[PDB]
Amino acid sequence: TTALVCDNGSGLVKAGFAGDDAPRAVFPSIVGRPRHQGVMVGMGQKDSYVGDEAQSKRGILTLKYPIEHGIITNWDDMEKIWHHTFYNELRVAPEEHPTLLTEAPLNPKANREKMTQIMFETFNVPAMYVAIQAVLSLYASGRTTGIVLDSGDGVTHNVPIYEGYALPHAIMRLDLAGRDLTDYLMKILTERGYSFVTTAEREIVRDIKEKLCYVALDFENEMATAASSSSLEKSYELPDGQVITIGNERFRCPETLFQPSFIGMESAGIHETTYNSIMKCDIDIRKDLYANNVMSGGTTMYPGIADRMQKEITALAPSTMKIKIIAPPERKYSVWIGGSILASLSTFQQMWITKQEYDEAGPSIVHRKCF
Amino acid sequence: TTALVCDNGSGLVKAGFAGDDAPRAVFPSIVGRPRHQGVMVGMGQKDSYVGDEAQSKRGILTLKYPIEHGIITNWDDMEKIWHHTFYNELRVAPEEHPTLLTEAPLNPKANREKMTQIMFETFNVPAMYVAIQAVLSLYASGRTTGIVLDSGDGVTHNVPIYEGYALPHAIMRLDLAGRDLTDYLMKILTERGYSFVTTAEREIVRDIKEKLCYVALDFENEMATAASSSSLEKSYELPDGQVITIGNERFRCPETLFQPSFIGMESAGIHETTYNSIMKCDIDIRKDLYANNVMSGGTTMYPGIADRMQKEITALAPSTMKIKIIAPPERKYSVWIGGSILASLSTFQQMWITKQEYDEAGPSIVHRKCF
Amino acid sequence: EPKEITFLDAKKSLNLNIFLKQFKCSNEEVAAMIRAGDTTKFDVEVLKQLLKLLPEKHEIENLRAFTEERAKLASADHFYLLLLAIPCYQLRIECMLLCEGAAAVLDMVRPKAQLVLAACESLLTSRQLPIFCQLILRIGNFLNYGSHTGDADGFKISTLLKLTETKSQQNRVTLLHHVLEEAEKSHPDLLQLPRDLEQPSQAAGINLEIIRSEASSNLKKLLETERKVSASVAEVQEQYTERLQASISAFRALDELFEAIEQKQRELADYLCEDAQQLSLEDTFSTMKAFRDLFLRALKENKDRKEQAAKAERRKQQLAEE
Amino acid sequence: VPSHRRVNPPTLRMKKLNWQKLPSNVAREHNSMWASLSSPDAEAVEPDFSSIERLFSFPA
Ligand SMILES: Nc1ncnc2c1ncn2[C@@H]1O[C@H](COP(=O)(O)OP(=O)(O)OP(=O)(O)O)[C@@H](O)[C@H]1O
Ligand SMILES: Nc1ncnc2c1ncn2[C@@H]1O[C@H](COP(=O)(O)OP(=O)(O)O)[C@@H](O)[C@H]1O
Ligand SMILES: [Mg+2]
Ligand SMILES: [Mg+2]
C-alpha cells in the first residue's frame, strides 16, 4: 500500500502520497468559523471550514492560525486540520495507511506525547513516526548525516543529524520565519509609504515575497549600488489596480534571516546559529555538518541565498571556502519530499511505531522511537 | 497679535482666538443645498447654506459633510466652511492673524499639501501651523507624556506619545466613531417603528445620541435590567411635536465602540486597540502610559465611558502597574484648548510657518517642519 | 521687549512654559505650595516633569549673578528664582514624589499581598478539595488498571491541569465534565468548591519579586530621605517626619507580610510535597487560577449541555405530540 | 486496605489516561489531602462502572 506524507506547517500544511514528485494538497493552516450570527438551513452549511474551502469562503469566516512559531498550542484545531487532511484532502481513512509526521525542533515532550496519543487513540493509525523537519530536509537531499537549516512559517532552526538521528543538545532556535518576514515586509513597505490593513493586502504582500524578493551576494555592496541599480526596483499589481513598488526592501526582508538586528532583536542569524550549533557538537561530526548543509522551507526561495550562505560561512569559518551549500529547487516541500523518500523505502518498516507499542509503553514511546 | 485656533474636525468646527479658555464659534460642518424648487422671488434665496443656517433650515436641505472619515473629500464645501468660519463667525481678516490648524494622524501627504496651499494662497495668513489633534489634546491635560485616544465623528485613533516624541508605528486608527453610531441608531430605531432616512433626520438622531445615550458599565446586566423592567426607558420630543420613547438603544448604540461586530467589522473594541497600541511601545515606558490614558473628542461625552474603560483596560492588561483614566470635563474642546496653550507661547514664534518659507519651499515645508 | 534674557535654550523653556501653564495660576502660588507641602495638585507625573526640568549649574549661576530688575526676566526665569528662593527645594520635591509614590505603591501592593496571603491560607486549609481529590483519584485508579501508571495514592496540583487533556470518544466531554456531572447528581458540596477557593481566584496576576524589589527600593529611599531631612532644618522636619515615619511603618508592615508570604510559601511547598528550590508560589497560583477557570467553564458547559438536552427532549416530545 | 484501591476488573478494553505517577509514601502525609482517602470516614462516591463500560470501551 502507498503511504501518506503530510507536512503540518505553520503557514501551509501539505499532504500527499509517498513517491509523488509534488504534494497533491497544499492548503493554508487555517480553521474558519462563521463570522456573523445566523442559523437558517441553506442546504446544510458546514459549521467549520478548513484549508482551501476555508480559503475560498474566507470573507464570511473568522480564521484561526493555530500553530504559533512552529509549536502547537491549540490542539482541537490541529485535530480538525488532521481530520481534513485525511478524510477530505486525500480522501482516506487513517487506520490502514502508515502516516509520516513532522515536528518543529526543540518541541516540548508533552506536545510529542499528546500528538502520539491523538494519532493512536482518535485516528487509530497502525503506524506513525515523528521526524524533525530538518532530518526529512536532509533526506530530500539524500544523505543521513549533517546540519540542516530549516526556516518555515513559524520558526527558524539549525539541527545536527547523525546517521538519521538528531542531537537535541546542539539544536539552535532563531525566533523568526516567513510570518515574521511577512510582518517585517508590511512594516518596511509601510515605511516606504503604503498601508496593509486588510486580508487581501496581506496575501498580495505574501505573493510579493513569493515572487520578487531575493538575497544578494553582498549586502553592503548592493546597498552601495541601491540608488544606482536599474534592475533592483520591482513592482506588483493588485487586481483592483493598486501598485506596490519595492526597491532595496527585496533584500531587506530575507536578510533579516542573515541579520536579525535589522528588525530590533539581538539573536544570531541563520549563518551564526548554524556556526554556533556546529561548534556545540562533537568535533568529529563538524566536517560532515559543513559538507551536508541543507537549507529548507519556503523562506529559502529567495534567489541568491546559496552564495550568500556560502560567503557568510566563508566569513565565520576559514575551513569552508570550497564546500557548497546544497539548495534543491524543490526545497519548499523538502520536508514533504524527504518524508516521501523516507516512507516509500522498504528499510523504514521497522522504525514505525505500532499500536501495541503505545499500549504497552504509554505515550513516552515518542521519546524513544523518534530520536 | 492674537492668533486663531480653528479645529476643523469631522463633526463640529471649533474656532476662536488664542489665549482664551473657550472657543467662540462652535458650529457643525455641513453644507446644505435646497433639493426643492423656489417660487418666492427675492429675499436672499442663497443656493448653499453653510453652518448654523444649514442647521436651522435643515428641513428643506440636502446636507453634505465635507469631512468623511477624517479625510477632506469635498474641497469646495470645505473652502466654504473656512470662508464662513473666518468671515461670518470670527469676522476677522486672515492677513493680520496667525491661524493654528489641526490634523488627524496618518493623513495623506497631498492632503496636507492641499490644506497648506488653500491656507496660503486663497486665505492668505502671516503664519499657520498644522498639529496632531492628540498632541494638543495631551497639551490641554498639561502633561508631556501619555496615550491619547481620540474618537471624533469618523475616526477613533490611538496615539501614544512619550516626552513629546510621537511614536509613529504605535499610532493606529479605527474607522468607528459618532457618525457610525448615528447610522446604527437609525438602524435599530426602526425596531420600535420610528423611520429616519433623510439627511435632515440625521441631525435629529445625532441630537438624541447627544442627549440620551450612555455607555453601559456591563452590557449583559443592562440587557437583563431593560428586559426585566421598563425603568430605563426615556422619552424625547421631536421638532414636530411627536414624542418617542427609547429603551435599550441608550446603551446599544455606544456598545459598538466596544463591540464592532454589531455594524459588521472584524476588528475588536477600542480597549483592545488601546492595548495593542501599548504593546507596540517599548516595555519601559508602558507604566507611564497606563496611568495617563487621556480621552478627547465628543464621542467620549457619554457618561459611563470612564469607568467602563478603566474596567476593560484593567481586565485586559496585567494588573502589576497603575491604571488611571484622565477624563476632564472640557475634553470636547481639549484640541482647541491645547491649541490656545501652544499658540500663546514665546518659544512658538520661531516654529511658525511664514509666507517666505512658503515661497522658498512650496506647500511642502509642513512635512519637514511638523511631525 | 524681545530681550527676555532667558539663560535656558528654546526647548526647555518651551517645556517649562507648557508645564507652568497647566496650573492656571501664578508661579508665586506654585513656589508657595512647593514650600508649604501640599499634595493636592501634585501627582507623580507633574513632579516627574518638574524634576525633568530642573535648573542646571550654569543656569543657577547666571540667575545668582543677575543684578538688574527682576521683572525683565521671563516667566521661566522668575519661576526658577522663586524655586531658588525656597531653601532645599529639591529635597522638598523629592519628599513630594516619594510620599506620593509610596502611597500609590502601598495602595496597589497591600490588597494584592492580602489576596496572596488569603490565597495561600485557603490553599493550606480547604474543605471540599480533599473530597474532590477523592472522586478524581477513584475514577483515575479505576481507569488505569493493570498498567505501570496505576495504583497511586496522590498527585501534585499540576494533575488538575491534566484533567482537561482527557477527552471522550465524542471528543466533547472531558473527564472534568464527567466528574462535575456526577458530582451534580451525587455530592453537590463539591459545587461549593470555588467558594472556599475564591480568594485563591485571580491568582496574584503579578510577579511578587518585582513588587518586593520596588517596595524594598521605596523603603530604602524613604530611609535615605528621612536621614536627609534629619540633616535639614526643623521646618522640613515638622513638614515631613510624621509622614515619612508612617510610610516607613507601613512598608515595615508590608515587609512583615512578605515574610509571612515566604513562610506560608514554604508551608505550601511542604503541603504539596514539592521542594522549595523550584517555583512553588507563582506556578501554584497560576495553576489554581487556571484550574478554577476550568472549573467554572466545566460547570457552565455542563449546564449548557443539560439545557440543550432538555430543549432537544422538549422538541422530541413536541414532534411526537404533533 | 483503602477504599479507592477496590476496583473491579472490567470485561472490555478501556481507553488509557496520562498523568505522572508519584510515590505513595510521599502522598500519605498529614499535610496531604489523600490521608482522607486513607481514612474510611470520608464520603465514598461510587462511580457507575457500567456507564463507563458501555460508553468508554474500545470499539471492536
Ligand atoms: N516562493 C516563496 N518565496 C518566499 N517566501 C515564500 C515562498 N513561498 C512561500 N513563502 C513563505 O514561506 C513560508 C512557507 O514556508 P514553509 O512551507 O516551510 O512553512 P511551514 O511549513 O508552514 O512552517 P514551519 O516549518 O515552521 O511549520 C510562508 O510564510 C510563506 O508565505
Ligand atoms: N453631549 C454629547 N454627548 C454625546 N455625544 C456627543 C455630545 N456632543 C457631541 N457629541 C458627538 O461627538 C462629536 C463631537 O465632534 P468633535 O469631536 O468636537 O469634532 P469632530 O468629531 O468633527 O472631529 C459629534 O459628532 C457628536 O456626534
Ligand atoms: Mg512544514
Ligand atoms: Mg473633533
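All of this is worked out from the model, or read from it or from the source named; no laboratory read-out is quoted. Positions of Cβ are generated from backbone atoms using ideal geometry, with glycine treated the same way; all protein chains shown enter the neighbour counts.
Tallying residues that are within 16 Å of ligand 1 (Cβ to nearest atom) and not hydrophobic (A, V, I, L, M, F, W, C) within segment A:270-299 yields 5.
Among residues belonging to segment C:195-222 that are charged (D, E, K, R) and part of a helix (DSSP H, G or I), point out the one that is nearest to C:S286 (Cα to Cα).
Top of the filtered list is C:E209.
Does at least one position in segment B:275-288 carry a residue that is away from every other protein chain (no Cβ under 14 Å) and within 16 Å of ligand 4 (Cβ to nearest atom)? Looking for residues that are away from every other protein chain (no Cβ under 14 Å) and within 16 Å of ligand 4 (Cβ to nearest atom), one finds none in segment B:275-288, hence no. Of the residues making up segment A:132-145, those that are surrounded by fewer than 23 Cβ atoms within 10 Å (Cβ to Cβ) and either under 21 Å from A:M78 (Cβ atoms) or small (G, A, S) (or both) are A:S141, A:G142. Among the residues of segment C:160-172, those that are surrounded by fewer than 19 Cβ atoms within 10 Å (Cβ to Cβ) and touching a residue at least 12 places away in the same chain (Cβ under 8 Å) comprise C:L161, C:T164. Of the helices (runs of 4 or more DSSP H) lying entirely inside segment C:68-165, those containing at least 2 residues that are away from chain D (no Cβ under 12 Å) span C:75-85, C:89-124. For the criterion of being in the same structural domain as B:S364 (by CATH), touching a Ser or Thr at 6+ places or on another chain (Cβ under 6 Å) and hydrophobic (A, V, I, L, M, F, W, C), B:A140 fails.
Select from segment A:53-63 the residues that are crowded, with 16+ Cβ neighbours inside 10 Å and not aliphatic (A, V, I, L, M) and write down the one among them that is nearest to the other protein chains (Cβ to nearest Cβ). Top of the filtered list is A:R58. A count restricted to segment C:1-35 and to residues that are assigned to a helix (DSSP H, G or I) and touching a residue at least 40 places away in the same chain (Cβ under 8 Å) stands at 11. Close Cβ contacts (under 6 Å, 6 or more residues apart or on different chains) running from residues in segment A:148-173 that are farther than 17 Å from A:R286 by Cβ and touching a residue at least 60 places away in the same chain (Cβ under 8 Å) to residues that are within 13 Å of ligand 3 (Cβ to nearest atom) and of a type in the set (S, T, N, Q) comprise A:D150/A:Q133; A:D150/A:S137; A:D150/A:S296; A:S151/A:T299; A:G152/A:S10; A:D153/A:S10; A:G154/A:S10.
When segment A:8-38 is limited to residues that are exposed (fewer than 14 other Cβ atoms within 10 Å of the Cβ) and away from every other protein chain (no Cβ under 14 Å), the one that is farthest from ligand 3 (Cβ to nearest atom) turns out to be A:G19. Of the set (1) out of contact with any helix residue (DSSP H, G or I) (no Cβ under 6 Å at 6 or more places or on another chain); (2) over 29 Å from A:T198 (Cβ atoms), all apply to A:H36 but (2). Within segment A:6-24, if we keep just the residues that are under 16 Å from the mean Cα position of the chain (by Cα) and among the hydrophobic types (A, V, I, L, M, F, W, C), the residue that is nearest to ligand 2 (Cβ to nearest atom) turns out to be A:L12.
Screening C:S280, C:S247 for residues that are surrounded by 14 or more Cβ atoms within 10 Å (Cβ to Cβ) and not in a helix (DSSP H, G or I) leaves exactly one candidate, C:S280. Scanning segment B:253-269 for residues that are acidic (D, E) and either in contact with a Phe, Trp or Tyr (Cβ under 6 Å, 6 or more places away or on another chain) or within 16 Å of ligand 1 (Cβ to nearest atom) (or both) turns up just one, B:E255.
The helices (runs of 4 or more DSSP H) found entirely in chain D that carry 3 or more residues being more than 9 Å from chain C (Cβ to nearest Cβ) are D:49-55. The lone criterion from (1) part of a strand (DSSP E or B); (2) within 28 Å of A:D183 (Cβ to Cβ); (3) within 14 Å of ligand 4 (Cβ to nearest atom) left unmet by B:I147 is number (3). Condition check for C:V46 on (1) without any contact (Cβ under 8 Å) to a residue 40 or more places away in the chain; (2) within 33 Å of the chain's Cα centre (by Cα); (3) away from chain B (no Cβ under 14 Å): one failure, at (3).
Looking across segment B:159-175, the residues that are more than 13 Å from chain A (Cβ to nearest Cβ) and either more than 15 Å from ligand 4 (Cβ to nearest atom) or under 13 Å from the mean Cα position of the chain (by Cα) (or both) come down to B:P160, B:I161, B:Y162, B:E163, B:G164, B:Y165, B:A166, B:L167. Quick check on segment A:103-124: of everything there that is surrounded by fewer than 24 Cβ atoms within 10 Å (Cβ to Cβ) and β-branched (V, I, T), which residue is nearest to ligand 3 (Cβ to nearest atom)? By that ranking, first place goes to A:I118.
Is it the case, given these coordinates, that A:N88 is assigned to a loop (DSSP other than H, G, I, E, B) and away from chain B (no Cβ under 14 Å)?
On the way: assigned to a loop (DSSP other than H, G, I, E, B): no; away from chain B (no Cβ under 14 Å): yes.
Here the answer is no, as A:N88 does not meet what is asked.
Restricting attention to segment C:1-29 and to residues that are away from chain B (no Cβ under 13 Å) and surrounded by fewer than 19 Cβ atoms within 10 Å (Cβ to Cβ), the residue that is nearest to C:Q239 (Cα to Cα) turns out to be C:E29.
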